[PDB]
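Data from my_file04.txt: compact mmCIF, C-alpha atoms and all ligand atoms
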```
# COMPACT_ATOMS: atom_id res chain seq x y z
CA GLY K 1 0.00 0.00 0.00
CA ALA K 2 3.06 2.00 0.94
CA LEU K 3 1.68 5.06 2.34
CA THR K 4 0.21 7.14 -0.67
CA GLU K 5 -0.87 10.53 0.05
CA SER K 6 -4.16 8.95 0.17
CA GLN K 7 -3.19 6.38 2.97
CA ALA K 8 -1.62 9.08 5.30
CA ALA K 9 -4.47 11.23 4.94
CA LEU K 10 -6.25 8.20 6.38
CA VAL K 11 -3.92 7.74 9.59
CA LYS K 12 -4.01 11.40 10.54
CA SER K 13 -7.53 11.57 10.25
CA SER K 14 -7.98 8.46 12.58
CA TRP K 15 -5.42 9.71 15.25
CA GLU K 16 -7.12 12.84 15.59
CA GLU K 17 -10.15 10.82 16.20
CA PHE K 18 -8.32 8.85 19.19
CA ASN K 19 -7.11 11.98 21.16
CA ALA K 20 -10.38 13.33 21.11
CA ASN K 21 -11.01 10.89 24.12
CA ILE K 22 -8.01 9.96 26.15
CA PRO K 23 -9.54 8.63 29.60
CA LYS K 24 -11.75 6.29 27.35
CA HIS K 25 -9.49 5.18 24.72
CA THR K 26 -6.68 4.63 27.31
CA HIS K 27 -8.58 2.68 29.92
CA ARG K 28 -9.93 0.44 26.90
CA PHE K 29 -6.64 0.02 25.70
CA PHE K 30 -5.50 -1.59 29.30
CA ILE K 31 -8.59 -3.77 29.45
CA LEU K 32 -7.87 -5.05 25.73
CA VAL K 33 -4.46 -5.62 26.98
CA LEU K 34 -5.45 -7.75 30.22
CA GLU K 35 -8.07 -9.56 27.84
CA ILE K 36 -5.45 -10.63 25.60
CA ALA K 37 -2.85 -11.33 28.53
CA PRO K 38 -3.96 -11.10 32.35
CA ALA K 39 -0.68 -11.76 33.95
CA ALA K 40 0.58 -8.42 32.49
CA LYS K 41 -1.10 -6.75 35.43
CA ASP K 42 1.73 -7.24 37.87
CA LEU K 43 3.92 -5.14 35.54
CA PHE K 44 2.41 -1.80 36.04
CA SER K 45 2.87 -0.08 39.76
CA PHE K 46 -0.30 1.57 39.46
CA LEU K 47 -2.12 -1.68 38.53
CA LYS K 48 -0.49 -3.79 41.49
CA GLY K 49 -2.42 -4.22 44.74
CA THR K 50 -5.39 -3.08 42.72
CA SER K 51 -8.13 -5.59 41.82
CA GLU K 52 -9.57 -3.68 38.72
CA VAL K 53 -8.05 -1.12 36.19
CA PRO K 54 -8.39 2.29 37.77
CA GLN K 55 -10.35 4.51 35.33
CA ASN K 56 -9.12 7.95 36.49
CA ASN K 57 -5.66 7.50 37.53
CA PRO K 58 -3.56 10.25 35.87
CA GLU K 59 -0.62 8.26 35.98
CA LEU K 60 -2.36 5.55 33.88
CA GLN K 61 -3.72 8.10 31.19
CA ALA K 62 -0.57 9.85 30.73
CA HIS K 63 1.01 6.65 30.31
CA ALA K 64 -1.30 5.09 27.46
CA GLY K 65 -1.58 8.45 25.47
CA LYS K 66 1.94 8.64 24.99
CA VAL K 67 1.90 5.20 23.41
CA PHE K 68 -0.63 6.06 20.47
CA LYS K 69 1.14 9.36 19.74
CA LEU K 70 4.14 7.61 19.08
CA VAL K 71 2.33 5.28 16.40
CA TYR K 72 0.69 8.23 14.44
CA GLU K 73 3.83 10.12 14.35
CA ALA K 74 5.49 7.31 12.73
CA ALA K 75 2.84 6.92 9.80
CA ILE K 76 3.26 10.54 8.52
CA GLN K 77 6.74 10.25 8.74
CA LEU K 78 6.61 7.18 6.45
CA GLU K 79 4.35 8.93 3.79
CA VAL K 80 6.36 12.08 3.55
CA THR K 81 9.69 10.81 3.84
CA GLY K 82 9.30 7.12 3.13
CA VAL K 83 10.79 5.95 6.79
CA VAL K 84 10.54 5.90 10.79
CA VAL K 85 13.22 8.15 12.35
CA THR K 86 14.86 6.70 15.79
CA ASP K 87 15.58 9.58 18.39
CA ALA K 88 16.56 9.92 22.37
CA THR K 89 13.18 9.15 23.36
CA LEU K 90 13.02 5.96 21.38
CA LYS K 91 16.10 4.69 23.03
CA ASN K 92 15.23 5.59 26.75
CA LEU K 93 12.09 3.63 25.93
CA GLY K 94 13.96 0.67 25.25
CA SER K 95 15.59 0.85 28.97
CA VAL K 96 12.60 1.38 30.83
CA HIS K 97 11.00 -1.63 29.05
CA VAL K 98 13.58 -3.96 30.22
CA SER K 99 13.49 -2.60 34.17
CA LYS K 100 9.98 -3.40 34.23
CA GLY K 101 10.48 -6.95 33.17
CA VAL K 102 8.83 -6.52 29.38
CA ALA K 103 9.52 -9.00 26.47
CA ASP K 104 8.88 -9.19 22.39
CA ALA K 105 6.05 -11.66 22.78
CA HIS K 106 4.47 -8.90 24.57
CA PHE K 107 4.33 -6.59 21.27
CA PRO K 108 1.46 -8.36 19.29
CA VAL K 109 -0.45 -7.96 22.69
CA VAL K 110 -0.09 -4.27 22.56
CA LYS K 111 -0.63 -4.23 18.41
CA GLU K 112 -3.79 -6.07 18.35
CA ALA K 113 -4.85 -4.00 21.38
CA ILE K 114 -4.06 -0.76 19.31
CA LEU K 115 -5.72 -2.01 15.84
CA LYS K 116 -8.65 -3.10 17.76
CA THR K 117 -8.65 0.22 19.67
CA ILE K 118 -8.51 2.28 16.18
CA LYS K 119 -11.09 0.01 14.54
CA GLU K 120 -13.15 0.95 17.56
CA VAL K 121 -12.11 4.53 17.26
CA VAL K 122 -13.12 4.97 13.25
CA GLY K 123 -15.98 2.67 13.01
CA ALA K 124 -17.74 2.56 9.25
CA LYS K 125 -15.10 4.68 7.83
CA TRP K 126 -12.99 1.83 8.35
CA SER K 127 -11.35 0.60 5.10
CA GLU K 128 -9.07 -1.92 4.10
CA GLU K 129 -6.86 0.78 2.86
CA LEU K 130 -6.86 2.36 6.60
CA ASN K 131 -6.17 -0.87 8.49
CA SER K 132 -3.49 -1.37 6.12
CA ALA K 133 -2.11 2.08 6.75
CA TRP K 134 -1.94 1.68 10.90
CA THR K 135 -0.70 -1.80 10.50
CA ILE K 136 2.02 -0.58 8.39
CA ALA K 137 2.87 2.36 10.89
CA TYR K 138 2.83 0.04 14.22
CA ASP K 139 4.89 -2.63 12.67
CA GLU K 140 7.36 -0.06 11.39
CA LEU K 141 7.60 1.67 15.01
CA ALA K 142 7.78 -1.65 17.01
CA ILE K 143 10.44 -2.76 14.74
CA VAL K 144 12.35 0.25 16.11
CA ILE K 145 11.57 -0.11 20.02
CA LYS K 146 12.26 -3.79 20.02
CA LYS K 147 15.34 -2.95 18.45
CA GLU K 148 16.36 -0.50 21.36
CA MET K 149 15.12 -3.01 24.27
CA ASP K 150 17.28 -5.48 22.94
CA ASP K 151 19.84 -2.82 23.37
CA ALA K 152 18.62 -1.77 27.00
CA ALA K 153 18.85 -5.38 28.29
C1 LIG Q 1 5.19 0.55 19.51
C2 LIG Q 1 4.92 -0.07 20.78
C3 LIG Q 1 5.17 0.63 22.26
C4 LIG Q 1 5.22 1.97 22.59
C5 LIG Q 1 5.02 3.22 21.63
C6 LIG Q 1 5.54 2.08 24.15
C7 LIG Q 1 5.79 3.27 24.89
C8 LIG Q 1 6.13 3.42 26.38
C9 LIG Q 1 6.41 4.67 27.12
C10 LIG Q 1 6.22 6.01 26.32
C11 LIG Q 1 6.73 4.39 28.57
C12 LIG Q 1 6.96 5.33 29.88
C13 LIG Q 1 5.76 6.13 30.13
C14 LIG Q 1 5.98 7.24 31.24
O1 LIG Q 1 7.06 7.79 31.43
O2 LIG Q 1 5.05 7.88 31.54
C15 LIG Q 1 6.63 2.97 28.72
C16 LIG Q 1 6.76 2.23 30.02
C17 LIG Q 1 6.51 0.85 30.24
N1 LIG Q 1 6.17 -0.06 29.17
FE1 LIG Q 1 5.65 0.37 27.00
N2 LIG Q 1 5.55 0.82 24.74
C18 LIG Q 1 5.36 -0.10 23.68
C19 LIG Q 1 5.25 -1.50 23.90
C20 LIG Q 1 5.17 -2.14 25.24
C21 LIG Q 1 4.88 -3.55 25.49
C22 LIG Q 1 4.67 -4.66 24.35
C23 LIG Q 1 4.78 -3.73 26.93
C24 LIG Q 1 4.45 -5.06 27.70
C25 LIG Q 1 3.28 -5.34 28.01
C26 LIG Q 1 5.08 -2.47 27.64
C27 LIG Q 1 5.23 -2.30 29.14
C28 LIG Q 1 5.78 -1.22 29.84
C29 LIG Q 1 5.97 -1.08 31.44
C30 LIG Q 1 5.65 -2.23 32.53
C31 LIG Q 1 6.39 0.19 31.67
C32 LIG Q 1 6.58 0.94 33.12
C33 LIG Q 1 5.35 1.53 33.48
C34 LIG Q 1 5.55 1.90 35.07
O3 LIG Q 1 5.24 1.07 36.03
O4 LIG Q 1 5.88 3.07 35.41
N3 LIG Q 1 5.30 -1.51 26.59
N4 LIG Q 1 6.23 2.44 27.40
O1 LIG Q 2 1.45 2.66 30.46
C1 LIG Q 2 2.44 2.32 30.03
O2 LIG Q 2 3.42 2.82 30.54
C2 LIG Q 2 2.52 1.46 28.74
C3 LIG Q 2 1.46 0.86 28.08
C4 LIG Q 2 1.52 0.08 26.91
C5 LIG Q 2 2.63 -0.08 26.35
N1 LIG Q 2 3.66 0.52 26.94
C6 LIG Q 2 3.66 1.30 28.14
```

Would you write out, as structure tokens, the structure that this file holds?
Amino acid sequence: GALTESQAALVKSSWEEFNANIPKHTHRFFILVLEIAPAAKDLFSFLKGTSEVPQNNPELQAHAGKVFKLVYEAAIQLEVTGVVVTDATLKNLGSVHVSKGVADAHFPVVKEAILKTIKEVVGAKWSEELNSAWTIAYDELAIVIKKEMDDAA
């Protein structure tokens, strides 16, 4: 698909749609995560000692937001330039992931949780062309973070 002008127009549009609702889209995102893999709960400080996912914990929102931003930013950068650029941020990310005990078999957990989250986010507008555009952008970004964890470990 590549990322035509037409495809990127499609990712931007659908990211703007996600930020419009951060406490929802982020809490859904942690439930789609514990649905896919329950044990992950122990990993997150603010999830431990809890029994359910807190819905209004600022630490949790700030946390999940920052994840989706990072996937959008990557798509535009592929359309315009043709690649995903690796900066300071991307590498610190790879350290923290390893402290916290996180592995690669974890990544399809968080991808399916984010395609399912954006399918949920764009509803009927959804196209094959669009799913193909976010799929392309997540896979291209995770290829990069995995790459730095393996370096932070
Ligand atoms: C493209 C994919 C991914 C992106 C963009 C991403 C991004 C981030 C960021 C931005 C932080 C620190 C947030 C803070 O300072 O506020 C972080 C922390 C962390 N990450 Fe991810 N991540 C990805 C995949 C994963 C996966 C697959 C897992 C495993 C389930 C995971 C588990 C964690 C844990 C346990 C922490 C520490 C949270 C704490 O207790 O403070 N991440 N990540
Ligand atoms: O909240 C976090 O810190 C988080 C969530 C998903 C993936 N990575 C980090």

Between K:50, K:134, K:148, K:112, smallest distance to residue 87 of chain K by all atoms listed in the file belongs to K:148

- request: Using only C-alpha atoms, determine which residues lie at most 10 Å from segment 90-103 of chain K, disregarding the query and same-chain residues fewer than 6 positions distant; provide the list as a list in words.
  value: residues 40, 42, 43, 44, 45, 70, 141, 144, 145, 146, 147, 148, 149, 150, 151, 152 and 153 of chain K

Just to be explicit: take each residue in the selection above, keep C-alpha atoms, and write the result as a compact mmCIF listing (two decimals), keeping the file's coordinate frame.
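See part.txt below for the written result:
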```
# COMPACT_ATOMS: atom_id res chain seq x y z
CA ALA K 40 0.58 -8.42 32.49
CA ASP K 42 1.73 -7.24 37.87
CA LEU K 43 3.92 -5.14 35.54
CA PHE K 44 2.41 -1.80 36.04
CA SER K 45 2.87 -0.08 39.76
CA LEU K 70 4.14 7.61 19.08
CA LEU K 141 7.60 1.67 15.01
CA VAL K 144 12.35 0.25 16.11
CA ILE K 145 11.57 -0.11 20.02
CA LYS K 146 12.26 -3.79 20.02
CA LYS K 147 15.34 -2.95 18.45
CA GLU K 148 16.36 -0.50 21.36
CA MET K 149 15.12 -3.01 24.27
CA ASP K 150 17.28 -5.48 22.94
CA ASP K 151 19.84 -2.82 23.37
CA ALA K 152 18.62 -1.77 27.00
CA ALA K 153 18.85 -5.38 28.29
```

Determine, using only C-alpha atoms and all ligand atoms, which residues of chain K have any atom at most 8 Å from an atom of ligand LIG 2 (chain Q), and tabulate each with its shortest atom pair and distance in Å to one decimal place, rows ordered by chain and then rising number, as a tab-separated table.
```
residue	atom	partner	partner_atom	distance
K:30	CA	Q:LIG2	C3	7.5
K:44	CA	Q:LIG2	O1	7.2
K:60	CA	Q:LIG2	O1	5.9
K:61	CA	Q:LIG2	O1	7.5
K:62	CA	Q:LIG2	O1	7.5
K:63	CA	Q:LIG2	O1	4.0
K:64	CA	Q:LIG2	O1	4.7
K:67	CA	Q:LIG2	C5	6.1
K:97	CA	Q:LIG2	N1	7.9
K:110	CA	Q:LIG2	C5	6.3
```

Would you write out those residues with C-alpha atoms, as a JSON list (two decimals), keeping the file's coordinate frame?
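For reference, again-v8.json as written:
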```
[["chain", "number", "residue", "atom", "x", "y", "z"],
["K", 30, "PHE", "CA", -5.50, -1.59, 29.30],
["K", 44, "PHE", "CA", 2.41, -1.80, 36.04],
["K", 60, "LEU", "CA", -2.36, 5.55, 33.88],
["K", 61, "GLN", "CA", -3.72, 8.10, 31.19],
["K", 62, "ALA", "CA", -0.57, 9.85, 30.73],
["K", 63, "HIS", "CA", 1.01, 6.65, 30.31],
["K", 64, "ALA", "CA", -1.30, 5.09, 27.46],
["K", 67, "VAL", "CA", 1.90, 5.20, 23.41],
["K", 97, "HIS", "CA", 11.00, -1.63, 29.05],
["K", 110, "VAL", "CA", -0.09, -4.27, 22.56]]
```

A straight line from atom CA of residue 142 of chain K to atom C3 of ligand LIG 1 (chain Q) spans 6.3 Å

Which residue is closest to ligand LIG 1 (chain Q)? Choose from K:83, K:71, K:118, K:113 and count only C-alpha atoms and all ligand atoms.
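Smallest separation from ligand LIG 1 (chain Q) among the options: K:71.
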
Just add N, CA and C atoms to segment 56-71 of chain K and send it as a PDB file, in the coordinates of the input.
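Saved as out_0.pdb:
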```pdb
ATOM      1  N   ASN K  56      -9.516   6.528  36.435  1.00  0.00           N
ATOM      2  CA  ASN K  56      -9.120   7.950  36.490  1.00  0.00           C
ATOM      3  C   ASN K  56      -7.823   8.161  37.249  1.00  0.00           C
ATOM      4  N   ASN K  57      -6.934   7.386  36.875  1.00  0.00           N
ATOM      5  CA  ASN K  57      -5.660   7.500  37.530  1.00  0.00           C
ATOM      6  C   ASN K  57      -4.827   8.254  36.466  1.00  0.00           C
ATOM      7  N   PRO K  58      -4.252   9.372  36.854  1.00  0.00           N
ATOM      8  CA  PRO K  58      -3.560  10.250  35.870  1.00  0.00           C
ATOM      9  C   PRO K  58      -2.317   9.703  35.472  1.00  0.00           C
ATOM     10  N   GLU K  59      -1.799   8.832  36.360  1.00  0.00           N
ATOM     11  CA  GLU K  59      -0.620   8.260  35.980  1.00  0.00           C
ATOM     12  C   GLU K  59      -0.981   7.287  34.799  1.00  0.00           C
ATOM     13  N   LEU K  60      -2.010   6.545  34.983  1.00  0.00           N
ATOM     14  CA  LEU K  60      -2.360   5.550  33.880  1.00  0.00           C
ATOM     15  C   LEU K  60      -2.657   6.278  32.462  1.00  0.00           C
ATOM     16  N   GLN K  61      -3.342   7.332  32.522  1.00  0.00           N
ATOM     17  CA  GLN K  61      -3.720   8.100  31.190  1.00  0.00           C
ATOM     18  C   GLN K  61      -2.578   8.669  30.441  1.00  0.00           C
ATOM     19  N   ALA K  62      -1.660   9.159  31.323  1.00  0.00           N
ATOM     20  CA  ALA K  62      -0.570   9.850  30.730  1.00  0.00           C
ATOM     21  C   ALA K  62       0.283   8.873  30.126  1.00  0.00           C
ATOM     22  N   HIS K  63       0.374   7.769  30.855  1.00  0.00           N
ATOM     23  CA  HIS K  63       1.010   6.650  30.310  1.00  0.00           C
ATOM     24  C   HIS K  63       0.451   6.128  28.833  1.00  0.00           C
ATOM     25  N   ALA K  64      -0.730   5.750  28.761  1.00  0.00           N
ATOM     26  CA  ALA K  64      -1.300   5.090  27.460  1.00  0.00           C
ATOM     27  C   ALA K  64      -1.360   6.088  26.191  1.00  0.00           C
ATOM     28  N   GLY K  65      -1.672   7.306  26.492  1.00  0.00           N
ATOM     29  CA  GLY K  65      -1.580   8.450  25.470  1.00  0.00           C
ATOM     30  C   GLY K  65      -0.341   8.573  24.716  1.00  0.00           C
ATOM     31  N   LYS K  66       0.702   8.471  25.533  1.00  0.00           N
ATOM     32  CA  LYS K  66       1.940   8.640  24.990  1.00  0.00           C
ATOM     33  C   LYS K  66       2.260   7.499  24.038  1.00  0.00           C
ATOM     34  N   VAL K  67       1.800   6.311  24.409  1.00  0.00           N
ATOM     35  CA  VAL K  67       1.900   5.200  23.410  1.00  0.00           C
ATOM     36  C   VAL K  67       1.275   5.458  21.881  1.00  0.00           C
ATOM     37  N   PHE K  68       0.097   5.862  21.847  1.00  0.00           N
ATOM     38  CA  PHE K  68      -0.630   6.060  20.470  1.00  0.00           C
ATOM     39  C   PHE K  68      -0.036   7.221  19.612  1.00  0.00           C
ATOM     40  N   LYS K  69       0.488   8.195  20.401  1.00  0.00           N
ATOM     41  CA  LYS K  69       1.140   9.360  19.740  1.00  0.00           C
ATOM     42  C   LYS K  69       2.281   8.982  18.977  1.00  0.00           C
ATOM     43  N   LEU K  70       3.018   8.118  19.683  1.00  0.00           N
ATOM     44  CA  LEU K  70       4.140   7.610  19.080  1.00  0.00           C
ATOM     45  C   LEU K  70       3.838   6.712  17.768  1.00  0.00           C
ATOM     46  N   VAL K  71       2.773   5.991  17.713  1.00  0.00           N
ATOM     47  CA  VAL K  71       2.330   5.280  16.400  1.00  0.00           C
ATOM     48  C   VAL K  71       1.795   6.175  15.146  1.00  0.00           C
TER      49      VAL K  71
END
```
